[PDB]
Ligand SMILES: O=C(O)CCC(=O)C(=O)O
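Taking the form deposited without ligand AKG, here's one chain by itself in structure tokens.
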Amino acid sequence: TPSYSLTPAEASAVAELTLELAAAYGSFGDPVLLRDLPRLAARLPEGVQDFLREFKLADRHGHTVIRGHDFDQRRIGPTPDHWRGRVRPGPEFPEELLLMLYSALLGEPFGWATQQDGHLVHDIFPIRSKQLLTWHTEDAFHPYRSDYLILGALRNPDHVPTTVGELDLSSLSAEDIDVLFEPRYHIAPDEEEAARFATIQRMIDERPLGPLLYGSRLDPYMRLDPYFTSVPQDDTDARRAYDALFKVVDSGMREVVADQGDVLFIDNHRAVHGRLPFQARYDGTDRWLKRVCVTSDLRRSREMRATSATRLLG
């Protein structure tokens, strides 16, 4: 799994750029910032642009990491107690801006109106409010699920990993693959604002049976969420093929650490991911990641977006 390690010069250039941009723009509430994102991303070090472009076009590996960013721990300040009711943007705005630049190299940032107050950049940190370990494609059910996810580690003092797993095709029979490509599986979900919520629930959600594998039969994409996937009892071929796919993905799961200054890129068509339980201290020093969802085609989701301009679905 390729990775790119920033030189100190690159790290400084990225840090300086993100500080400049944070001073120049108000928040993501600035439509001008969202307009400017791809042009601003072209001010990133050229090696970093080239690396991510190669990852996107290769369409081979399920994830990659850019390591060695300078995330100023004093400026970022203590890990918050909650995201809810927290003023936005905080002193960590430069790091959020970094992820938005990265999202513009891969596609377009977007979000979910019902998640974390509709902020485009989500927070991942412990909130004081037996654990099965699980993994999944993000929003496997949804036709407009993320194409990529970007996870930036602001801090990770105990080196808590993320789980990531890809599909090793060689472990699967040709027959099971063909079945997995057929529409034989059910994948379940997780004011005119009130009218839209009900429209989204109806409109698509009550979709038909669908495939788990798609794209090239030689190197398939996947949408695999075991918890929400079910197979009609009578369809024994589809149950068998599903069991086989689960076992291959489950057995291939890896733990990938995103340490302070790492940005982890996950291809949501080629990899599943999960989180791992960990003991927090709840004292403002805990692990803190930021998360941006990326779509390759913002227009495809128009029917679920309140306006042409909004990047929020729902």
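Counting begins at 1, following the sequence as shown. Only residues modelled in both forms are compared. For the two forms, the rigid core is made up of the largest set of C-alpha atoms that agree within 1.5 Å on superposition.
Keep in mind that the form solved in complex with ligand AKG is missing from the display, and what follows is about it.
Chemist: Among 138, 275 and 291, does every residue place a heavy atom within 4.5 Å of ligand AKG in the deposited bound form?
Modeler: Every residue of the candidate spot has a heavy atom within 4.5 Å of ligand AKG in the deposited bound form.
Chemist: With the partner removed from view, which of 245-253, 267-275, 50-58, 64-72 is the stretch that lies within 4.5 Å of ligand AKG in the deposited bound form, judged by heavy atom distances?
Modeler: Result for this chain: 267-275.
Chemist: Look up in the deposited bound form whether residue 162 has a non-hydrogen atom within 4.5 angstroms of ligand AKG, and give yes or no.
Modeler: Heavy-atom contact with ligand AKG at 4.5 Å: present for residue 162.
Chemist: At 4.5 Å between heavy atoms, is residue 167 in contact with ligand AKG in the deposited bound form?
Modeler: No.
Chemist: Can you tell me whether residue 149 touches ligand AKG? I mean in the deposited bound form, with a 4.5 angstroms heavy atom cut-off.
Modeler: Contact check for residue 149: yes, within 4.5 Å of ligand AKG in the deposited bound form.
Chemist: My question is simply whether residue 204 lines the interface with ligand AKG in the deposited bound form - judged by any non-hydrogen atom within 4.5 Å.
Modeler: The answer is no: residue 204 has no heavy atom within 4.5 Å of ligand AKG.
Chemist: Identify, from the list 124, 172, 127, 209, the residue with a heavy atom within 4.5 Å of ligand AKG in the deposited bound form.
Modeler: Among 124, 172, 127, 209, a heavy atom within 4.5 Å of ligand AKG in the deposited bound form occurs only for 124.
Chemist: Given a rigid core superposition, which stretches of at least 3 residues have all Cα atoms displaced by 2 Å or more between the shown form and the other one?
Modeler: When the rigid core is held fixed, residues 130-133, 203-205 are the runs that shift.
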